[PDB]
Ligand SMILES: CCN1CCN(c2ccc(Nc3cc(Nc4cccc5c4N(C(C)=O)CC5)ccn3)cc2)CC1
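As structure tokens, one chain now follows by itself in the form solved without the named molecule.
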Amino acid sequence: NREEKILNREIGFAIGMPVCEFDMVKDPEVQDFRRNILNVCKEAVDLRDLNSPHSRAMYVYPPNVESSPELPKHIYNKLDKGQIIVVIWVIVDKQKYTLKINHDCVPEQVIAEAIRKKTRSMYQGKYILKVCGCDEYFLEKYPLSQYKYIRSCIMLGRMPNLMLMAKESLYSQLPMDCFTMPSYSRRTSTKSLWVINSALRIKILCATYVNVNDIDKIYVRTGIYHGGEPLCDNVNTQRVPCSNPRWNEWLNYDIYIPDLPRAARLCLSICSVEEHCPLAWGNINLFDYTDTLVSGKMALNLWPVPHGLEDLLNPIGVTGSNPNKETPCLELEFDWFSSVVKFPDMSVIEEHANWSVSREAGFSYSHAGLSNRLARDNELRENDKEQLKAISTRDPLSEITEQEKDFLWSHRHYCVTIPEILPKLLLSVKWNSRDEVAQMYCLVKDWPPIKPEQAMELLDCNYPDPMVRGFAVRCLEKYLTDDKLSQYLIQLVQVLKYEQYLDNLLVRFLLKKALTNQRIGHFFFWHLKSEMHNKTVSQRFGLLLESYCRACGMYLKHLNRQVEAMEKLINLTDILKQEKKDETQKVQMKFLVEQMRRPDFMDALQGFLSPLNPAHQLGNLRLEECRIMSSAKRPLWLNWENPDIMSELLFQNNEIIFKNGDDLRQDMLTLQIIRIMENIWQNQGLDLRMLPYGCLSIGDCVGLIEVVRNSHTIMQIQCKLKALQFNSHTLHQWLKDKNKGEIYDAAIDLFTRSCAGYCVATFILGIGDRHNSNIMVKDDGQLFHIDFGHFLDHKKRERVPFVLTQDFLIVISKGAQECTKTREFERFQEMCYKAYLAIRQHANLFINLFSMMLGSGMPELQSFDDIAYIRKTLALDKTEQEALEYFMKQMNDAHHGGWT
């Protein structure tokens, strides 16, 4: 118990709330989650001790690898006859050995060649390869070029520097995990829903804590929903004065109880009124986590309305009671049937489905004629098959008419042969019919596997059914690589919020992965931790974090170092940002330096892992290199030395901007999308180099941004001394001065290509207007953008954010005055055309990634109408050639010529 108490304190520190707060929660779903989730913890720990110590090292230092071993053409073409030059260092004093080897050599073979080289100058299974300058290892027998560091080196024409290291020197530094099961580990009739012959009704008793002025009459609005879809008409109570909110009114709903789907929810509000306004809203699950239909009395504390939403109900909103109990509390009563009513078992559901299928297969021509949702097997023509195929290739937010829905449902057995149509078929199901839903379940049960990218759609707010979501998860388990899981983790974390219950298949999958791959676990922790201030999710996220922190092993202690460092920076910046706001930069800096040198602060702010990338060790702070930036919120530009033995080879100092006051969630999302765009272009042989620098939200409007070394804003360059006297050639002159001689062409090429990428990316995403201060350029010509605080339809009709002025065209056309009518500009135009269509071809991915972020509280991504902006910029309703022409016209109009 002494050890457990010490652990609980550590967990409490990591999560920002004491573990005893979870102990006090009475709700049995909460206590069941805490206990039942521990088998995932056990399973993970068993995987980590399977082939110890290798398996422990693989957890801590997983291979940082691309999904596909196979290289593109333009990557392979960088290799000298499929061979790579690599430098292998040995500590003995630092001895480099330069090897020329085949790109697809395994680490063991590379090590052998390094020893063979060292031999000539005058075994293999005792060593491992480490990347020089950071804590990344090549512990697994992949092709060398599949490691991302290696593939990145080949792309950029940089020399790979790897360090030879004894296995036992690594293994020795990996403490043993001793996972201990916590204390909490040790802990009428029953009738089917389908037997209850009755309509649905619910009683609204009264509201308490209804405090108001403006407001005159009020009523309780209600509705039965499956996701965002109504299952019957809404039902209002009688009108009442706000000074006495009592209704005592049974509402009757147009739905039979046996037809209630598993994820059916009651969505209600309190409204004032003719102009109607909702004062407070709340949703609840009609079945609980044990499959029991709610019965008896219930008190629901309601939530405040968010501005932007003016609709009367909020079915997309969170489900469950407000934790703040000093809020409008509506009391409700459900119907009682002398018995516990439970949702039926799968065997009962399957039997019903088989009964229906058998029944339908016997239907005559004339019977089938009675409903467009019925078809006969023989009738299915090739023309119907083509129409189905055509419906399947439409994007996720393309409308499916009622006629198409009937059509899809009637040909649901054929839809099995085109399994990517599943999302469209599922939205065609009558979710208020048990006859249809039972058959949908049996189709889902045996549905062929779909790609993870397609499966992820089925985890958004449009697909609440647990069988559909379970199918989605099975697809990720079979087909989602750790690489792609890392890439889509932000979205996968967000869709946890749409789960009806704490314990579910998705959260079990994510937790297992977080606890078997520490690179995943790190960001899993930080994405959860960053929203613990949000009361609509803090319980779910807090309990999930608890379960992670109990089983993640030694990394908990490293996370607590990061948490303490961030907490010290939050505290310092809060003080600057309140007590010294008015003071000069000089005095603020004097205060900051004095506070950071206090030995407790100094120890907390040095010697820990970068939250932006835990492969990067942050050593001693260089206070002389730190500064408070001019910007409004007083961001800290911070500089630590990299204490790696071979830091000189990667970077000697790690520079991070810490910012306390701005919401960084949209930048973080935009940077993720840019990286995904870049990856699509690279995999297609289209080499447009982007710069998706690190950005991590760590809390409520607090986060970290990776500094891009040796870069400058456009303004600085064209400022020089010089505005009325600005000259279009100044930027070209700068780059040229920086790239004299044989390299000039490489710099112009890099500028051109990077420019094309950002032109296309920013137009597609509707990013905030570009100007000379939020466009930056590196010495080598790489152009990139910063500050992605705005996106999509943020103006309110499609803007062009990145207007190529004469400055940029002059660089592209190598100094020529008439730069719009040149060869270089034509090749640049061609790059933009290819990039644009390449993204159009992957439009469903981008739509789905945005759809998964809808239930986040990001101000410019509130509904599917915001996402519709992308449908416009990618011209998805148009033809591919019509889309090209549309893109050309937007560029043409914005540039006043050039694009035709």
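Residue positions are given as counts along the sequence shown, with the first one as 1.
Another form, the form deposited with the named molecule bound, is not on view; read the next lines as being about it.
* **Open vs blocked, site of the named molecule as found in the bound PDB entry, superimposed, 2.4 Å to backbone or C-beta** => Blocked: 3+ ligand atoms clash with backbone or C-beta.
* Which one, 346-354, 134-142, 391-399, 243-251, holds residues whose non-hydrogen atoms are within 4.5 Å of the named molecule in the bound PDB entry? -> Checking each option against the 4.5 Å cut-off leaves 391-399.
* **460, 546, 465, 644 - the one with a heavy atom within 4.5 Å of the named molecule in the bound PDB entry** => Residue within 4.5 Å of the partner: 460.
* To do: Only one of 863, 841, 36, 52 comes within 4.5 Å of the named molecule in the bound PDB entry by heavy atoms, so just point that one out.
  => Exactly one listed residue reaches within 4.5 Å, namely 863.
* Asked: the named molecule in the bound PDB entry: within 4.5 Å of a heavy atom of each of 19, 538 and 542?
  -> None of them does, since no heavy atom lies within 4.5 Å of the partner.
* Consider residue 40 of the chain shown here, and say whether it contacts the named molecule in the bound PDB entry, taking contact as heavy atoms within 4.5 Å. => Looking in the bound PDB entry, residue contacts with the named molecule do not include residue 40, since no heavy atom lies within 4.5 Å.
* How about residue 734: is it within 4.5 Å of the named molecule in the bound PDB entry, going by heavy atoms? -> Result no; residue 734 lies far from the named molecule in the bound PDB entry.
* Asked: If you check in the bound PDB entry, is residue 855 within 4.5 Å of the named molecule, heavy atoms only?
  -> Close contact exists here: in the bound PDB entry, residue 855 approaches the named molecule to within 4.5 Å, heavy atoms only.
* To do: Flag residue 851 as yes or no: does it have a non-hydrogen atom within 4.5 angstroms of any non-hydrogen atom of the named molecule in the bound PDB entry?
  => Result yes; residue 851 sits at the interface with the named molecule in the bound PDB entry.
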